[PDB]
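Just one chain is shown here, as structure tokens, and it is the form deposited in one PDB entry.
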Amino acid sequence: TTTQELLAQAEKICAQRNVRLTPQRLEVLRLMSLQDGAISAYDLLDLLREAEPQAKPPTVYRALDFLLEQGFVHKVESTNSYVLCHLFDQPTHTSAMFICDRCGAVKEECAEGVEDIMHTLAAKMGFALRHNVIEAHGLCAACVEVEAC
């Protein structure tokens, strides 16, 4: 039902803006929401084919592009996968991604200090950065407890 609430919320946001949250996009969103965290496009496509048997890569990639242009999903560059954002209605934001290499779970946190260090490092050199990519690989708490036995 958190999924329901999430979808409703997304519908509300997309209703606010002049943008169309289609059944397809909504479906993809639902699927990704039900997923714990990260997922590749093609596994997601395989999931999508349950409800839309004719679905092909452009379908899911289009849905993702849409959900990416809006603030609903993030790409995970170091795994070629995608995940939901933990907070929707906010604008283009830099967030730090903690990715479990075991379960695929992703925790999204703020890291102003990092942005700042990079902001200064870009300035002590001649760099004008537009965007930071901050992805951490490791193990989440559960998977940590599991890997210790």
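C-alpha atoms forming the largest set that superposes within 1.5 Å between two forms make up the rigid core. Residue indices: 1-based, along the sequence shown.
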| query | finding |
| --- | --- |
| Per the entry, higher mean C-alpha B factor between 127 to 135 and 20 to 28 | 127 to 135 |
| Which of 81 to 89 and 32 to 40 has higher mean CA B factor, as the PDB entry lists it | 81 to 89 |
| Most elevated Cα B-factor in the entry, residues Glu69, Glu115, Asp46, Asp101 | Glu115 |
| Chain-wide C-alpha B factor ranking for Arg62, given as lowest, middle or highest third | lowest |
| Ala122 - Cα temperature factor, lowest/middle/highest third of chain | highest |
| Chain thirds of CA B-factor: placement of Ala111 | highest |
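Another form, the form deposited in another entry, is not on view; read the next lines as being about it.
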| query | finding |
| --- | --- |
| Flag for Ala142, CA shift 2 Å or larger between the shown form and the other one after aligning core | no |
| Is_shifted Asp65 between the shown form and the other one (CA, 2 Å cut-off, rigid core) | no |
| Post core alignment: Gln54 C-alpha displaced by 2 Å or more between the shown form and the other one | no |
| Closer or farther: C-alpha pair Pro91/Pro57 in the other form, relative to this form, given a change of 3 Å or more | farther |
